[PDB]
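To start, the structure under review is shown below, and the notes come after it.
There are 2 protein chains.
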Amino acid sequence: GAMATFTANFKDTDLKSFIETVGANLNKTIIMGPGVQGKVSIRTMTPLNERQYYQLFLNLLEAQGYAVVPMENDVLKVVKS
Amino acid sequence: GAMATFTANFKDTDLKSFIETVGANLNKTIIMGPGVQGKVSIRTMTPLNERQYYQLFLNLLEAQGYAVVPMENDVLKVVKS
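Chains B and A are the protein sequences, given in the same order.
With the deposited numbering, letter number 57 in the first sequence gets 56, and the count goes up by one each step, no holes.
With the deposited numbering, letter number 38 in the second sequence gets 37, and the count goes up by one each step, no holes.
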């Protein structure tokens, strides 16, 4: 039932900037290790609700070789796996 | 990369006018119940995505005593809570 308003359409986008954008869109504080580097592409087929967008982000980062762990006070920390 | 593009800058405007303006920005037709009245000022601090913007709207209205009910054909209904 939740509103489906989240989309992604990135081609060869800087991965750090992508992570920052997603974090902002999810109202999370982002902590990134210095190993977080490179490019990512992702295009949603249809709009997502917030939880589905969060799930996509997790599944994508895992596939990219990045570990993503929640920390106190609304933090997501992303580091090399 | 361009979800977070909603903004608000309203000073001493009619609540009804504010509701209508949000509706237009969300491409939603507004249905208002009786006794929706007031004045509001509100300013976003950074640009918001649709979920964030809608939630800001809901939070503001709830503080005034109003609920929002999505309805069919891209309607938002605003009634006393």
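All C-beta atoms, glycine included, are put in the ideal place defined by N, C-alpha and C.
Collapsed DSSP secondary structure at residue i in the structure displayed
i	result
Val35/B	coil
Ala62/A	helix
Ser40/B	strand
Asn24/B	helix
Whether residue i touches residue j by CB criterion (8 Å)
i	j	result
residue 81/B	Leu57/B	Within the shown structure, residues of chain B are numbered from 0 to 80, placing residue 81/B beyond reach of any answer.
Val74/B	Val35/B	no
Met2/A	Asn24/B	yes
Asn72/A	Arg42/A	no
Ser40/B	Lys15/B	no
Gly0/A	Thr12/B	yes
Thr20/A	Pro46/A	no
Backbone CA spacing between residue i and residue j [nearest angstrom]
i	j	result
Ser80/B	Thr4/A	33 Å
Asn26/A	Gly32/B	40 Å
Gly22/B	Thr28/A	31 Å
Same chain, Cβ closer than 8 Å to residue i, neighbours up to 5 away in sequence not counted
i	result
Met70/A	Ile30 and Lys76
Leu59/B	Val39 and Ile41
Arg50/B	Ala1
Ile18/B	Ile29, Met31, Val35, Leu60 and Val77
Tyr53/B	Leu25
Within chain E, the residues that residue i reaches when beta carbons sit closer than 7 Å
i	result
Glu49/A	No chain E appears in the structure shown, which is made up of the protein chains B and A.
Own chain residues within Cβ distance below 7 Å of residue i, not counting five before or after
i	result
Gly37/A	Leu14 and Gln63
Close beta carbons around residue i, own chain, < 6 Å, minus the five adjacent residues each side
i	result
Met44/B	none
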